[PDB]
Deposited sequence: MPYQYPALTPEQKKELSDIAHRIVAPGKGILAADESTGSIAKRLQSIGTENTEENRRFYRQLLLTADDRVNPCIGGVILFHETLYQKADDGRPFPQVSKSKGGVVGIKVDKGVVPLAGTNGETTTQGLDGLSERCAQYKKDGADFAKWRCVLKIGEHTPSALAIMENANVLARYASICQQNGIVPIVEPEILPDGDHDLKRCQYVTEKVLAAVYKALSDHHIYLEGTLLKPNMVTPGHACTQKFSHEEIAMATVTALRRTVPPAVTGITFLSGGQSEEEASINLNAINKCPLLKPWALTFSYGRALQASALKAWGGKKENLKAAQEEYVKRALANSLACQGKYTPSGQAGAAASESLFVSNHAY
């Protein structure tokens, strides 16, 4: 009873290998309309459809030195249907520059009862038609975010198991409709836990994820994994080097992600624009063996410098676009181990709770 034919299988592998092609990464430009409110209000701008339109249009129409740095662009619903100033739909803008377009399909998180503050994610209702439509309209991959937090009795048995189960459902549905699932099991940096405790939980959680994807029969070569880096909690007093968290990210994934996964696209997680680039470099330089692409899927850590330089004023466009382009060139050096560098609001920490 094949889940997929040969030709669907090779077309998902094809898309997946494009997105993470050597030296390419992803721009996560998929902020909910309510989440992009607090980004905009941090630079004084009002949250109107055309302020979001112009901001998203800022990122997509940047110089062609970004073209080989950005293999894919995850958008939010409203944005997939928005047009540029030259009248081209935003997905054609991205494809014209050699970027594959994706689409966030999760409908936010929801509380699991019986737990200390834990969530599952929702969005599976009608997800099959939506993917069918988003595929007609230009999308080729998808993002579903699950959220886990390290606390004293968290992440619990039930939490890890329901979040792993709905990631796999999501990925099964995505792949029947020709769309590559980005799987996002996120562990947040909230808390005071040390490096090794993030390591032990990352492992425990990816183990449960790849078992869930096996149970649901999903083609691992046409998926991507979007995991946290492995980092001390944001209240940790101990301090850890870039090498030590490289080792600990890379061994956790060695220990748990089968080589069949096409690529691994890290979240930035709240790290500064620059410590994100620096860590991604420490990781691709690790001497250990790493049979999958280790690259980036960054929201805040490609966009903070560009937002502060945009300011709300169309006059600042070319100023802000080159804060975005310097970040994409920087990260495309780090996803190949070639990043050697001093930056100011590229050093601001981007952690929220």
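No C-alpha positions are given for the deposited-sequence stretches 1-4, 346-348, 361-364.
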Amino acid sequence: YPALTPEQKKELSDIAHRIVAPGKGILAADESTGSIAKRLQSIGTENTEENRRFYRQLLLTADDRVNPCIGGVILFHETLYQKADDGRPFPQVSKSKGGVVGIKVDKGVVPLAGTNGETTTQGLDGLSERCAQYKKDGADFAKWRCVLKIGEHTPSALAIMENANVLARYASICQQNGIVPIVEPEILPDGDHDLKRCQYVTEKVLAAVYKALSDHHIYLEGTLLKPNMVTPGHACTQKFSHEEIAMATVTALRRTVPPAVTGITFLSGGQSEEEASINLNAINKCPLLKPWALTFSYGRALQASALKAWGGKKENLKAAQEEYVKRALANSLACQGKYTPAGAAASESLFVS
From here on, numbers count along this sequence of modelled residues.
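When the mean C-alpha temperature factors of 108-116 and 197-205 are read from the deposited coordinates, 108-116 comes out higher. Averaged over their C-alpha atoms, the temperature factors of 247-255 and 270-278 are higher for 270-278. Of the candidates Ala293, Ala29, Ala301, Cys69, the deposited coordinates give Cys69 the top C-alpha B factor.
Per the deposited record, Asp86 carries the highest C-alpha B-factor of all listed residues (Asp137, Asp140, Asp86, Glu129). The deposited CA B-factor of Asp192 belongs to the middle third of values across its chain. Among all modelled residues in this chain, the alpha-carbon of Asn163 has a temperature factor (C-alpha) in the lowest third. Annotation for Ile74: CA B-factor lies in the middle third of the chain's modelled residues. Ranked against the other modelled residues of its chain, the C-alpha B-factor of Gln92 as given in the entry falls in the highest third.
The PDB entry assigns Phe240 a C-alpha temperature factor belonging to the middle third of its chain's modelled residues.
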